[PDB]
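Pasted below: run37.pdb, PDB, C-alpha atoms.
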ATOM      1  CA  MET D   1     -36.961 -24.058   2.286  1.00  0.00           C
ATOM      2  CA  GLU D   2     -35.013 -20.824   1.912  1.00  0.00           C
ATOM      3  CA  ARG D   3     -33.921 -20.776   5.570  1.00  0.00           C
ATOM      4  CA  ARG D   4     -32.504 -24.189   5.476  1.00  0.00           C
ATOM      5  CA  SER D   5     -30.404 -23.347   2.349  1.00  0.00           C
ATOM      6  CA  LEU D   6     -28.946 -20.143   3.923  1.00  0.00           C
ATOM      7  CA  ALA D   7     -28.225 -22.082   7.075  1.00  0.00           C
ATOM      8  CA  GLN D   8     -26.048 -24.420   5.013  1.00  0.00           C
ATOM      9  CA  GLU D   9     -24.268 -21.491   3.226  1.00  0.00           C
ATOM     10  CA  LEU D  10     -23.523 -19.901   6.592  1.00  0.00           C
ATOM     11  CA  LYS D  11     -22.179 -23.178   7.882  1.00  0.00           C
ATOM     12  CA  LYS D  12     -19.994 -23.504   4.789  1.00  0.00           C
ATOM     13  CA  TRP D  13     -18.866 -19.883   5.154  1.00  0.00           C
ATOM     14  CA  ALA D  14     -18.047 -20.390   8.848  1.00  0.00           C
ATOM     15  CA  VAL D  15     -16.192 -23.633   8.350  1.00  0.00           C
ATOM     16  CA  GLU D  16     -14.578 -23.275   4.846  1.00  0.00           C
ATOM     17  CA  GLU D  17     -13.998 -19.551   4.396  1.00  0.00           C
ATOM     18  CA  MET D  18     -13.486 -18.213   8.152  1.00  0.00           C
ATOM     19  CA  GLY D  19     -11.842 -21.541   9.425  1.00  0.00           C
ATOM     20  CA  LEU D  20     -14.372 -22.475  12.331  1.00  0.00           C
ATOM     21  CA  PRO D  21     -13.566 -26.049  13.489  1.00  0.00           C
ATOM     22  CA  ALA D  22     -16.385 -28.310  12.249  1.00  0.00           C
ATOM     23  CA  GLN D  23     -16.807 -29.633  15.853  1.00  0.00           C
ATOM     24  CA  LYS D  24     -17.850 -26.279  17.187  1.00  0.00           C
ATOM     25  CA  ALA D  25     -20.206 -25.528  14.373  1.00  0.00           C
ATOM     26  CA  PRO D  26     -23.872 -25.489  15.551  1.00  0.00           C
ATOM     27  CA  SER D  27     -26.345 -27.941  13.968  1.00  0.00           C
ATOM     28  CA  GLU D  28     -28.087 -26.656  10.802  1.00  0.00           C
ATOM     29  CA  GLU D  29     -31.274 -26.758  12.813  1.00  0.00           C
ATOM     30  CA  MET D  30     -29.890 -24.419  15.346  1.00  0.00           C
ATOM     31  CA  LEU D  31     -28.474 -21.905  12.646  1.00  0.00           C
ATOM     32  CA  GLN D  32     -31.896 -21.623  11.048  1.00  0.00           C
ATOM     33  CA  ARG D  33     -32.884 -19.536  14.123  1.00  0.00           C
ATOM     34  CA  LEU D  34     -30.479 -16.797  13.052  1.00  0.00           C
ATOM     35  CA  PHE D  35     -32.527 -16.185   9.887  1.00  0.00           C
ATOM     36  CA  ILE D  36     -35.561 -15.157  11.778  1.00  0.00           C
ATOM     37  CA  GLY D  37     -36.850 -11.558  11.001  1.00  0.00           C
ATOM     38  CA  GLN D  38     -34.336  -8.785  10.214  1.00  0.00           C
ATOM     39  CA  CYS D  39     -31.306 -11.123  11.103  1.00  0.00           C
ATOM     40  CA  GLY D  40     -31.712 -12.916   7.858  1.00  0.00           C
ATOM     41  CA  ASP D  41     -30.596  -9.895   5.703  1.00  0.00           C
ATOM     42  CA  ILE D  42     -27.651  -9.315   8.076  1.00  0.00           C
ATOM     43  CA  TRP D  43     -26.244 -12.804   7.771  1.00  0.00           C
ATOM     44  CA  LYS D  44     -26.734 -12.775   3.999  1.00  0.00           C
ATOM     45  CA  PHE D  45     -24.485  -9.752   3.955  1.00  0.00           C
ATOM     46  CA  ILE D  46     -21.959 -11.443   6.130  1.00  0.00           C
ATOM     47  CA  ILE D  47     -21.770 -14.464   3.904  1.00  0.00           C
ATOM     48  CA  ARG D  48     -21.225 -12.365   0.787  1.00  0.00           C
ATOM     49  CA  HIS D  49     -18.863  -9.547   1.884  1.00  0.00           C
ATOM     50  CA  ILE D  50     -16.962 -11.036   4.765  1.00  0.00           C
ATOM     51  CA  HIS D  51     -14.027 -13.322   3.712  1.00  0.00           C
ATOM     52  CA  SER D  52     -10.934 -14.740   5.340  1.00  0.00           C
TER      53      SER D  52
ATOM     54  CA  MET Q   1     -22.437  -4.811  27.763  1.00  0.00           C
ATOM     55  CA  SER Q   2     -25.485  -6.917  26.655  1.00  0.00           C
ATOM     56  CA  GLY Q   3     -24.495  -9.586  23.940  1.00  0.00           C
ATOM     57  CA  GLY Q   4     -26.740  -7.700  21.577  1.00  0.00           C
ATOM     58  CA  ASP Q   5     -24.804  -4.412  21.815  1.00  0.00           C
ATOM     59  CA  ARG Q   6     -21.566  -6.299  20.940  1.00  0.00           C
ATOM     60  CA  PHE Q   7     -23.087  -7.838  17.891  1.00  0.00           C
ATOM     61  CA  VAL Q   8     -24.391  -4.492  16.575  1.00  0.00           C
ATOM     62  CA  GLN Q   9     -20.931  -2.905  17.124  1.00  0.00           C
ATOM     63  CA  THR Q  10     -19.311  -5.705  15.175  1.00  0.00           C
ATOM     64  CA  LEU Q  11     -21.697  -5.191  12.346  1.00  0.00           C
ATOM     65  CA  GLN Q  12     -20.864  -1.476  12.283  1.00  0.00           C
ATOM     66  CA  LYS Q  13     -17.199  -2.354  12.035  1.00  0.00           C
ATOM     67  CA  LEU Q  14     -17.984  -4.643   9.148  1.00  0.00           C
ATOM     68  CA  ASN Q  15     -19.672  -1.593   7.365  1.00  0.00           C
ATOM     69  CA  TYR Q  16     -23.135  -3.211   7.237  1.00  0.00           C
ATOM     70  CA  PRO Q  17     -25.247  -0.353   5.350  1.00  0.00           C
ATOM     71  CA  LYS Q  18     -28.228  -0.463   8.013  1.00  0.00           C
ATOM     72  CA  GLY Q  19     -25.966  -0.782  11.019  1.00  0.00           C
ATOM     73  CA  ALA Q  20     -26.478   2.844  12.308  1.00  0.00           C
ATOM     74  CA  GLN Q  21     -30.295   2.203  12.693  1.00  0.00           C
ATOM     75  CA  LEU Q  22     -29.962  -1.002  14.727  1.00  0.00           C
ATOM     76  CA  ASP Q  23     -30.556  -0.920  18.534  1.00  0.00           C
ATOM     77  CA  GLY Q  24     -28.541  -3.638  20.439  1.00  0.00           C
ATOM     78  CA  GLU Q  25     -31.386  -4.475  22.831  1.00  0.00           C
ATOM     79  CA  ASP Q  26     -33.389  -5.867  19.871  1.00  0.00           C
ATOM     80  CA  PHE Q  27     -30.776  -8.716  19.503  1.00  0.00           C
ATOM     81  CA  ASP Q  28     -30.193  -9.666  23.155  1.00  0.00           C
ATOM     82  CA  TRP Q  29     -32.545 -12.639  22.576  1.00  0.00           C
ATOM     83  CA  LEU Q  30     -29.991 -14.275  20.152  1.00  0.00           C
ATOM     84  CA  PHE Q  31     -27.540 -14.689  23.057  1.00  0.00           C
ATOM     85  CA  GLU Q  32     -30.127 -16.215  25.410  1.00  0.00           C
ATOM     86  CA  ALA Q  33     -30.054 -19.400  23.338  1.00  0.00           C
ATOM     87  CA  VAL Q  34     -27.385 -21.370  25.289  1.00  0.00           C
ATOM     88  CA  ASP Q  35     -26.566 -23.372  22.198  1.00  0.00           C
ATOM     89  CA  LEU Q  36     -25.921 -20.438  19.747  1.00  0.00           C
ATOM     90  CA  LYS Q  37     -24.077 -18.263  22.188  1.00  0.00           C
ATOM     91  CA  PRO Q  38     -20.659 -19.787  21.522  1.00  0.00           C
ATOM     92  CA  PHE Q  39     -20.983 -19.214  17.742  1.00  0.00           C
ATOM     93  CA  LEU Q  40     -22.147 -15.628  18.042  1.00  0.00           C
ATOM     94  CA  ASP Q  41     -19.341 -14.908  20.505  1.00  0.00           C
ATOM     95  CA  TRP Q  42     -16.987 -16.423  17.998  1.00  0.00           C
ATOM     96  CA  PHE Q  43     -18.340 -14.404  15.150  1.00  0.00           C
ATOM     97  CA  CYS Q  44     -18.156 -11.099  17.169  1.00  0.00           C
ATOM     98  CA  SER Q  45     -14.431 -11.873  17.837  1.00  0.00           C
ATOM     99  CA  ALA Q  46     -13.343 -13.322  14.537  1.00  0.00           C
ATOM    100  CA  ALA Q  47     -14.822 -10.792  12.089  1.00  0.00           C
ATOM    101  CA  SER Q  48     -12.852  -7.377  11.805  1.00  0.00           C
ATOM    102  CA  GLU Q  49     -12.626  -4.599   9.162  1.00  0.00           C
ATOM    103  CA  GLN Q  50      -9.665  -6.449   7.294  1.00  0.00           C
ATOM    104  CA  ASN Q  51     -12.106  -9.148   6.390  1.00  0.00           C
ATOM    105  CA  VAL Q  52     -14.423  -6.917   4.483  1.00  0.00           C
ATOM    106  CA  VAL Q  53     -14.245  -6.905   0.614  1.00  0.00           C
ATOM    107  CA  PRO Q  54     -16.344  -4.182  -0.866  1.00  0.00           C
ATOM    108  CA  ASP Q  55     -18.891  -5.107  -3.500  1.00  0.00           C
ATOM    109  CA  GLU Q  56     -16.772  -3.274  -6.101  1.00  0.00           C
ATOM    110  CA  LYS Q  57     -13.591  -5.323  -5.494  1.00  0.00           C
ATOM    111  CA  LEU Q  58     -15.584  -8.549  -5.481  1.00  0.00           C
ATOM    112  CA  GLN Q  59     -17.165  -7.633  -8.800  1.00  0.00           C
ATOM    113  CA  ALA Q  60     -13.778  -6.622 -10.183  1.00  0.00           C
ATOM    114  CA  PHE Q  61     -12.210  -9.918  -9.058  1.00  0.00           C
ATOM    115  CA  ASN Q  62     -15.163 -11.902 -10.572  1.00  0.00           C
ATOM    116  CA  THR Q  63     -14.629 -10.058 -13.775  1.00  0.00           C
ATOM    117  CA  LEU Q  64     -10.921 -10.959 -13.572  1.00  0.00           C
ATOM    118  CA  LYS Q  65     -11.859 -14.662 -13.069  1.00  0.00           C
ATOM    119  CA  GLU Q  66     -14.265 -14.399 -16.010  1.00  0.00           C
ATOM    120  CA  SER Q  67     -11.614 -12.704 -18.163  1.00  0.00           C
ATOM    121  CA  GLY Q  68      -9.824 -16.135 -18.276  1.00  0.00           C
ATOM    122  CA  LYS Q  69      -6.659 -14.597 -16.642  1.00  0.00           C
ATOM    123  CA  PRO Q  70      -5.037 -16.881 -14.212  1.00  0.00           C
ATOM    124  CA  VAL Q  71      -5.682 -15.839 -10.595  1.00  0.00           C
ATOM    125  CA  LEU Q  72      -2.114 -15.767  -8.903  1.00  0.00           C
ATOM    126  CA  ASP Q  73      -1.955 -17.755  -5.645  1.00  0.00           C
ATOM    127  CA  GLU Q  74      -0.722 -16.108  -2.523  1.00  0.00           C
ATOM    128  CA  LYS Q  75       2.874 -17.459  -3.061  1.00  0.00           C
ATOM    129  CA  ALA Q  76       3.038 -16.131  -6.568  1.00  0.00           C
ATOM    130  CA  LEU Q  77       1.555 -12.774  -5.499  1.00  0.00           C
ATOM    131  CA  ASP Q  78       4.146 -12.512  -2.705  1.00  0.00           C
ATOM    132  CA  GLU Q  79       6.937 -13.075  -5.223  1.00  0.00           C
ATOM    133  CA  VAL Q  80       5.681 -10.550  -7.659  1.00  0.00           C
ATOM    134  CA  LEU Q  81       4.616  -7.933  -5.199  1.00  0.00           C
ATOM    135  CA  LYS Q  82       8.149  -8.015  -3.689  1.00  0.00           C
ATOM    136  CA  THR Q  83       9.297  -6.775  -6.858  1.00  0.00           C
ATOM    137  CA  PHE Q  84       6.879  -3.851  -6.341  1.00  0.00           C
ATOM    138  CA  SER Q  85       8.592  -0.833  -4.699  1.00  0.00           C
ATOM    139  CA  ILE Q  86       5.807   0.939  -2.736  1.00  0.00           C
ATOM    140  CA  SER Q  87       7.324   4.003  -4.101  1.00  0.00           C
ATOM    141  CA  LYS Q  88       4.790   5.641  -6.435  1.00  0.00           C
ATOM    142  CA  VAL Q  89       7.094   4.848  -9.148  1.00  0.00           C
ATOM    143  CA  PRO Q  90       4.783   6.790 -11.362  1.00  0.00           C
ATOM    144  CA  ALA Q  91       3.341   4.355 -13.754  1.00  0.00           C
ATOM    145  CA  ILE Q  92       6.014   4.540 -16.210  1.00  0.00           C
ATOM    146  CA  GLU Q  93       3.823   6.619 -18.311  1.00  0.00           C
ATOM    147  CA  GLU Q  94       5.032   4.568 -21.259  1.00  0.00           C
ATOM    148  CA  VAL Q  95       7.102   7.249 -22.752  1.00  0.00           C
ATOM    149  CA  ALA Q  96       3.929   8.743 -24.357  1.00  0.00           C
ATOM    150  CA  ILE Q  97       5.029   9.803 -27.968  1.00  0.00           C
ATOM    151  CA  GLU Q  98       4.700  12.942 -25.959  1.00  0.00           C
ATOM    152  CA  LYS Q  99       7.537  12.083 -23.742  1.00  0.00           C
ATOM    153  CA  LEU Q 100       9.704  11.090 -26.669  1.00  0.00           C
TER     154      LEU Q 100
END
How does this structure look as structure tokens?
Amino acid sequence: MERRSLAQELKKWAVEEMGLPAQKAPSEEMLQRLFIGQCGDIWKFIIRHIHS
Amino acid sequence: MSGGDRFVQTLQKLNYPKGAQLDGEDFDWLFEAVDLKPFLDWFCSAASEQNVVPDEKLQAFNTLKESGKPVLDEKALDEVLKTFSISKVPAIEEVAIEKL
């Protein structure tokens, strides 16, 4: 359940905060793959410390 | 340059704390996924050092938000900051009784 939630936050971060066009944004299902293993901690960092 | 090496370089630029220990070859698999590749490429291009807000400034800003003080919008900040001469005008040390 945790991966799905992070995948949504990343999507929101990419679209709302960094300005990625919604059309180019990968499906939530596809973003979940980025939170596999050590990549998860990395993207958590990105969502928190990296802003527009 | 393997997609993975680019990603790890970007992370180093973004001051990720464990970035020096990460080997690029370990992430080459992320770029093999034809569907995610465009996003990762985007990310590695879009994210620079100017985008990074240290944990200290974020905490300070949250504290400012919590302090009930109105957060000035970009337009307002531009107006007020214009009025700011870069020059170190030493904080008017309010004429410390000492100055008087």
#### Entry: Straight-line distance linking atom CA of residue 49 of chain Q with atom CA of residue 2 of chain D, stated in Å to one decimal
28.6 Å
### residue 46 of chain D surroundings by all atoms listed in the file, 12 Å radius, close-in-sequence under 5 positions cut, as a ChimeraX atom specification
/D:6,9-11,13-14,17-18,39-41,51-52 /Q:10-17,43-44,47-49,51-55
### Task
Identify all residues satisfying the PyMOL selection byres ((chain D) within 8 of (chain Q)) in the given file; provide them as a list in words.
residues 24, 25, 26, 30, 31, 34, 42, 45, 49, 50, 51 and 52 of chain D
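Here atom CA of residue 32 of chain Q is placed at a distance of 14.7 Å from atom CA of residue 36 of chain D.
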### Between atom CA of residue 9 of chain Q and atom CA of residue 38 of chain D, distance in Å (one decimal)
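Taking atom CA of residue 9 of chain Q as the start and atom CA of residue 38 of chain D as the end point, the length is 16.2 Å.
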